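Report on the following structure.
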Amino acid sequence: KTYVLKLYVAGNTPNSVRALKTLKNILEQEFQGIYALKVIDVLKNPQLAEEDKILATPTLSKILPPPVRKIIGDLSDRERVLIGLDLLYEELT
Amino acid sequence: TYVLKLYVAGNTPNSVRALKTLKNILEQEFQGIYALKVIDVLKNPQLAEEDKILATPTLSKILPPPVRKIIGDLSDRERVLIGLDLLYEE
């Protein structure tokens with residue numbers, strides 16, 4: 001049973017790619033096995049699949065860890081590439 | 001009014017033409033019960049508080065026939081449609 005953190009972005013900028021890498025390592029170092037990360041670029045895969053949804057970053061980021069919330073804030077308020085998020089809690093192989 | 005919100009990854013002359021038609025058909029058949037709001041995430045990416053994007057296949061089925069068709073076009077032909085929402089507002 002794992003949390004799948006999904007970030008929906010509108011393209012990438014140099015800082016966003018850097019921020020995402022930082023987010024990845026953080027999850028890997030500080031939360032190994034607790035969060036799986038998935039980044040969906042709507043510029044490459046615009047159509048949401050039937051069971052997908054994009055919710056507002058403010059609402060969902062509230063239960064994420066502080067250092068994760070901070071990078072998400074940058075993707076959102078500074079880089080302006082983060083449209084939203086989805087958070088899943090399901091069994092993963 | 002219930003606002004049908006269409007979230008798009010940019011526009012094309014064809015998607016823009018289609019969205020105008022959709023707006024007119026809605027106003028024509030439902031006289032104000034429905035309003036169209038287009039959100040271009042390439043322009044305004046951050047979803048605000050109540051904003052949420054649902055898969056087109058989920059909500060599209062409850063919509064007007066000519067509207068489902070255009071949305072099918074925006075989704076499969078233009079490939080600009082990400083998802084949608086229907087929210088009462090005023």
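Residue numbering restarts at 1 in every chain; chains get A, B, ... in the order shown in the structure tokens, and ligands count up from 1 in that same order.
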
Next item on the list: Identify every residue of chain A that has at least one atom within 12 Å of any atom of chain B, counting only C-alpha atoms, and report the result as a VMD selection string.
Entry: chain A and resid 7 to 12 40 to 60 72 to 86

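Using only C-alpha atoms, the nearest neighbour of residue B:31 within the list B:85, B:11, B:2, B:61 is B:2.
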
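With only C-alpha atoms as the atoms that count, the residue of B:37, B:23, B:77, B:17 with the shortest distance to residue B:89 is B:37.
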
Next item on the list: Could you pull out the residues in stretch 1-81 of chain B that DSSP calls strand (DSSP E) from the backbone, as a list in words?
Entry: residues 2, 3, 4, 5, 6, 7, 8, 34, 35, 36, 37, 38, 39, 40, 53, 54 and 81 of chain B

Margin query: So that I can check the secondary structure, give me every residue of stretch 30-78 of chain A assigned helix (DSSP H, G or I) by backbone DSSP, as a PyMOL selection string.
Written below: chain A and resi 30+57-61+66-78

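Going from atom CA of residue B:68 over to atom CA of residue A:39, you cover 28.6 Å.
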